[PDB]
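Chains as they are written, first to last, in my numbering: chain Z, 198 to 533; chain W, 87 to 238; chain P, 7 to 102; chain F, -16 to 222; chain D, 19 to 133; chain U, 239 to 563. One structure is given here, and the rest of the page talks about it.
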Amino acid sequence: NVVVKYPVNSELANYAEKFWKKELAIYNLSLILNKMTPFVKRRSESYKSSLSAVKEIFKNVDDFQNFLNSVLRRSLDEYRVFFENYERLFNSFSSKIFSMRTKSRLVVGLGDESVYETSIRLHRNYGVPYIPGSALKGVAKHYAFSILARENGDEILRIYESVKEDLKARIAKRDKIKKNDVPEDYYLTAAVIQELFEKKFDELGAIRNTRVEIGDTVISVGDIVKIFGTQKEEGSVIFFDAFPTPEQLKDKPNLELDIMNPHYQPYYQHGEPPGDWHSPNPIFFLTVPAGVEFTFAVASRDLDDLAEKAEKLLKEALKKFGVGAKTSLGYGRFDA
Amino acid sequence: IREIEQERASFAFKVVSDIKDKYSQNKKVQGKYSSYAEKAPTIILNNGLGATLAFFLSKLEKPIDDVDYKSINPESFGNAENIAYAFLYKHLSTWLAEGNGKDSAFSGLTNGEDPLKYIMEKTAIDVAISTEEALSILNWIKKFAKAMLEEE
Amino acid sequence: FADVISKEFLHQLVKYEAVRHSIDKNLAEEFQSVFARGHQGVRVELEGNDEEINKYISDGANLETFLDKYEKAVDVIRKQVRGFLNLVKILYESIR
Amino acid sequence: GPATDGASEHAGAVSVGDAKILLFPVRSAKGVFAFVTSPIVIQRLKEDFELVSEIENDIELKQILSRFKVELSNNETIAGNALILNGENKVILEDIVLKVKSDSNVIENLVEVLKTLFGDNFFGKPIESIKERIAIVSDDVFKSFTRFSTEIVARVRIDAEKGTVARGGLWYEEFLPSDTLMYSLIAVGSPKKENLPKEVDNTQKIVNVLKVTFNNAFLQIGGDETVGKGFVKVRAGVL
Amino acid sequence: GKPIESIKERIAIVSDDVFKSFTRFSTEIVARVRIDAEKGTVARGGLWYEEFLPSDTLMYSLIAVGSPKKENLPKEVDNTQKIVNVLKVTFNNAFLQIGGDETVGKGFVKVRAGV
Amino acid sequence: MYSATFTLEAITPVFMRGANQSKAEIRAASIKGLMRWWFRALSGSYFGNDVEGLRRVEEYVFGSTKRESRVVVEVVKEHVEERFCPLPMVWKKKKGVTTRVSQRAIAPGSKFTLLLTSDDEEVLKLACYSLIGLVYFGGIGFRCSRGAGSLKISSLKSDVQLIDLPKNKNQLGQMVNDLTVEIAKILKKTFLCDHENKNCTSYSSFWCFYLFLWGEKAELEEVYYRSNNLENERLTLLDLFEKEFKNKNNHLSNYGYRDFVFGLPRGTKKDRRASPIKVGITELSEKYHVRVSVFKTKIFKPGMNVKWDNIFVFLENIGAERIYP
RNA sequence: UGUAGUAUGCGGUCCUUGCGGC
């Protein structure tokens, strides 16, 4: 009762429809997802090319998830050799490697622009979910920022009154008028700490003697800035991408669906009173389920002690801060 | 010695000035158009040009395979998102199918056919060149939109 | 952009570039104003043996209207902006 | 060669070459991803082999690839059995349906050339295990693959004041896709220094040192080193 | 090293101004920098742009040979015909590096003497 | 970084589903949205019809599209079980049987915890108050407004001072008043918002809200619907409530239980105005009662007005005691 | 002519009840 169309060129739409009808066997998940996106028309006169409308061509959500995971599993041998080479690359450097399972659902790259409006970070060649190293480095840096703000908030605020005044003036300039309201909350401390770590690293020389307790170890501010680097000095810790272990993909699914059902969406966007006359607009998106095991590795360029400190910081961040998208809802959390 | 860069810049300036003048009051329309313009190249590189055009048409609540750019009015939509999507689709398809004009240096890769219907039954090389031209014109349009149009 | 810029969208393009490359909007506005003023006065070496343009540039006049009446306005403005950028680069390298 | 602080003393004894692409990773419907090549690529490889033969005065290796002439239409390819669709003499390379042109000598010779250049181990996997995942496509098609199938990575900067992307904190970067092959020539002559040690006296003493020190190693190319980008396995070979 | 027939399909002739603009603006402008290992960033004042003539460019040169100098030359190359013949034989299908940047694989060209 | 933990027990089976409709499981996002709704409901008493101030304070607390949420909510430990359970007020159309419809749902009890973490005391207190109001006067998941989402706080652990649990009916009676006054005090002290006081809210809020209690049971297994036939003599507390609700003679509505003062999808086969009547199960001193919450908003739905006092007649039909006010 | 790594610093984030009624 649904009409499927394909905006790809002719002589290829037939093969795309064969792939989506399971008549043929596709092997690359990113290929079928992106380059062969179907446009589904329901009783409503509109070819909505969204996962909510894309799933309508299957029997149910379970069938869609099973099809996606079978397509993912069809490249298991290639992913296995790729992971073996990746582990060899890890061991080539003096990299410390640790494995972590997903405590809750994880979704990285949800904000990427795509036809589905809700994308997911999939490896181009093999079509498996992965965490880019940039995300890990950023989450570690932000966890360090949060720890510093929570512990040494008033101290750094007093030491850098000029910087906090500059930040308050900037906020007043952009955030409405707010001439001097500018509450000195934890968020302002985090902002000025980030500003110090990004544009005012040299002025952070005095603070470098400070130490903050992470997990069981103690990390200095100088250690953190050496690990991450500045505009004038390169970081010393190499953060590699994280990939799931190939073994677990054989038995449990590595990709599932999740739903967002925004009732009162006009209230949030347009300003209508919430009430209850606000029929929802469900939107589905892919996410790797909880329990999937990922392998992380951090290497060093100058000192292995910095690598160990960065590994501890990243473990703490993944345990508490969380990586990926919708981290405010407990998504993308890892457990030992 | 008439570089296509001049035609690209002139067309982008004309279209962005047109949307700025026609909807100077609608700041949200300007913001939506700017966001769609600066996000379109990512969609084109990800899912292809035909998929991007079909996505715009779907956001316009219009059927595919039976709609061309000449038969759509961007101002005939109530919603700001629909307004911006229609304007972007019209501008991109107009550049692809006619260029800056018949007498200009660039007359569009497609003679006068609808770019989506052109993509449907053409070779991969033709759609690749069309994608490259669309990327360039979208880059210029995003530049000019960031220049003049207000930010959402 | 020196080989492609035209008179109509010079100001908006340079405004975009300033906003993109300025940390502060005031810096971008100041750069736009100073560039718009400075690039007006630059002697050009046209292919044709014409010195009226340079005479108009030297005095300080309705030179914009003269270029609007002129038939080689695009080449003149392109040469003017390229020469002003060359002067800016030379002066900056002199400073450093 | 000598460091930047002093260059008139002597010249470098080595001369690297541009890393010309040899195989490109392109997604496929069957054979999850494929290694793609173009007639200009193999022609440039033959020219490089000719230059090597001229340098070494060894004509025997000159005609190794000289038995491979190809010509393909824009909708034809010579692909391995893995990529070929079952029950249909067609292949799909990430956006295109290409009819499978029938030819075996060219792909066999290319596989043999790769085996001779890089041994029997093709960077962690046997070379014979990928002989069925190689496709030779038209020149325009290969150019389109190299221009549009490259990785496009979007990155943002998250400001701690709000937890959202900062003002203009987002940017896109172009990356060569993973599992790609780039070949380069490293020519060596007599060292230009004076009073050299006996262990590096002649050119061959540099050849063997470079080969042993840069075989199956790992290097970082380009930017984004700190975030695990640009890491490449390097293998050194000789004829 | 390539069949001349395939070249015929990809030969274009343009106007004089178009050719001049092509030869002026279609060359390879490559930006290079120098990185210091002490900090891992680009050295101050170490960024510069170099222009390179594109690969696969056909060029032609004229070599003018006269009467060899009378210095008891051997009869093998006594005449001008012999010396031009030996030059063509010894330089045909040769490979040689021109210009700077030889250490980074730039300048290698192939010479085919006209017979 | 003040944090609070709430260990909750599912008194009645909970129909919370994710993308896969056939599978029922507890979602943090749904809980967060429901706390958003309940915070709006409680704050409507102070903010009245001034929707702008309520929107601004909600965006300040729970976050918006220009700021990350100031409170993060996670589900840590899930000692829960999933089984089959009949739908609250849905009957299968099978020939002869005409029994209920049983969907997959979280089993009763199903101990699990919710952790709310923030960096400021006031916003965490607001989130905790919203969550406790949700748990005490509201359900979660599918068919929450028909007695299928009642939760009791098995345990609480907060570093910020909060409101104690009740022991009797009167305690739950004036908890509405003390929660509202504390929310108003926080709003006035922190954000200085006033919004005056115009009239009753257009949305569901505490400006016009009533809470009633009915029945009494000592066994949890004798509360939720058990009988597959309405005419059977063996009816549990919720089964008896449903039987009384379906009786035409109960209330004075012209269409009976098929009126329009309840949820929109009744006869018209259109609209999605949720039922202001919300049914739940309240535990007090190991005694189970049926709690009824009504939000008599000024406008039932834009384009439709329904009489309100008629529903109170149903409260007179069963003689439910008005806990509040 | 020789010597010379477009490199370092940056989280695709923020916002949303799988519901409404029998």
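Cβ atoms here follow ideal geometry from the backbone N, Cα and C, with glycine treated the same way.
- Within chain D, the C-beta atoms nearer than 8 Å to that of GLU430(Z) come from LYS57, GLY58 and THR59, in chain order.
- It is roughly 15 Å from the alpha-carbon of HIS27(P) to the alpha-carbon of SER39(P).
- Interface annotation, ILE317(Z): not in contact with chain F, CB-CB separation never under 9 Å.
- Within the region 190 to 216 of chain F, the runs of beta strand (DSSP E) at least 3 residues long that lie entirely inside it are, in chain order, 200 to 203.
- Not a single C-beta of chain Z is nearer than 9 Å to the C-beta of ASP200(W).
- Remark: C-beta atoms of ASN266(Z) and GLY136(W) do not approach each other more closely than 9 Å.
- Look at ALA62(F): its C-beta is not under 9 Å from any C-beta on chain W.
- Contact annotation, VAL389(Z) with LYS361(Z): C-beta distance approximately 5 Å; criterion of less than 8 Å satisfied.
- Using a Cβ-Cβ cut-off of 9 Å, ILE110(F) does not count as an interface residue toward chain Z, since no Cβ of chain Z sits closer than that to its own.
- Taking the Cα of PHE201(F) as reference, the smallest distance to any Cα among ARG218(F), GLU177(F) and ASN57(F) is reached at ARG218(F).
- Rounded to whole angstroms, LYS486(U) and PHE447(U) show a C-alpha spacing of 25 Å.
- Within chain W, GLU147 and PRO149 have C-beta atoms less than 8 Å from the C-beta of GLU242(Z), given in sequence order.
- As DSSP reads the structure, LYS516(Z) sits in no beta bridge.
- At a cut-off of 9 Å, the C-beta of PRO540(U) has a neighbouring C-beta in chain Z.
- Under the criterion of beta carbons closer than 8 Å, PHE481(Z) and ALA257(U) qualify as touching, at roughly 5 Å.
- For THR(-13)(F), the chain D residues whose C-beta falls within less than 8 Å of its own C-beta are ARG52, listed in chain order.
- For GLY0(F), the secondary structure class from DSSP, reduced to helix, strand or coil, is coil.
- Our two residues, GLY301(U) and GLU392(Z), have alpha carbons roughly 23 Å apart in a direct line.
- Judged by DSSP secondary structure, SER179(W) falls outside any beta strand (DSSP E) and instead within the alpha helix (DSSP H) spanning 166 to 184.
- The beta carbons of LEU209(Z) and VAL80(F) sit about 5 Å from each other, so the pair counts as a contact at 8 Å.
- Spatial neighbours of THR196(W) in its own chain (CB-CB distance under 7 Å, excluding positions within 5 residues in sequence) are listed in chain order as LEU182, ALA183 and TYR204.
- Nearest in C-alpha terms to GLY347(U), of all of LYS390(U), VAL309(U), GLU360(U) and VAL314(U), is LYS390(U).
- Remark: fewer than three beta-carbon pairs, one from each stretch, lie closer than 8 Å, so the region 310 to 319 of chain U and the region 87 to 100 of chain W are not flagged as touching.
- Between the region 232 to 245 of chain Z and the region 411 to 422 of chain Z, the count of Cβ pairs shorter than 8 Å is below three; the stretches do not touch.
- Distance from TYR526(U) to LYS455(U) at the Cβ level is roughly 5 Å; contact confirmed, criterion being Cβ atoms closer than 8 Å.
- Per the coordinates, the alpha-carbon of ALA(-14)(F) lies some 22 Å from the alpha-carbon of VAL48(D).
- The C-beta distance from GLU314(Z) to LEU354(Z) rounds to 41 Å, too long to meet the 8 Å contact threshold.
- When beta bridges are read from the DSSP output, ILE81(D) appears opposite no residue.
- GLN341(U) carries a strand assignment under DSSP once its states are collapsed to helix, strand and coil.
- Going by C-alpha positions, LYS100(D) is about 34 Å away from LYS124(D).
- For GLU156(F), the enclosing beta strand (DSSP E) covers residues 148 to 158.
- Contact check between the region 101 to 110 of chain F and the region 29 to 37 of chain F: fewer than three CB pairs, one atom from each, fall below 8 Å, which does not count as touching.
- As DSSP reads the structure, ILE480(Z) sits in a beta bridge with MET457(Z).
- Look at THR129(F): its C-beta is not under 9 Å from any C-beta on chain Z.
- Annotation for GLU521(U): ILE249 and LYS390 place their beta carbon closer than 7 Å to its own, counting only its chain and skipping 5 residues before and after.
- Around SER440(U), the same chain offers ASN287, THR535, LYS536 and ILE537 as residues with beta carbons nearer than 7 Å, after the five sequence neighbours per side are excluded.
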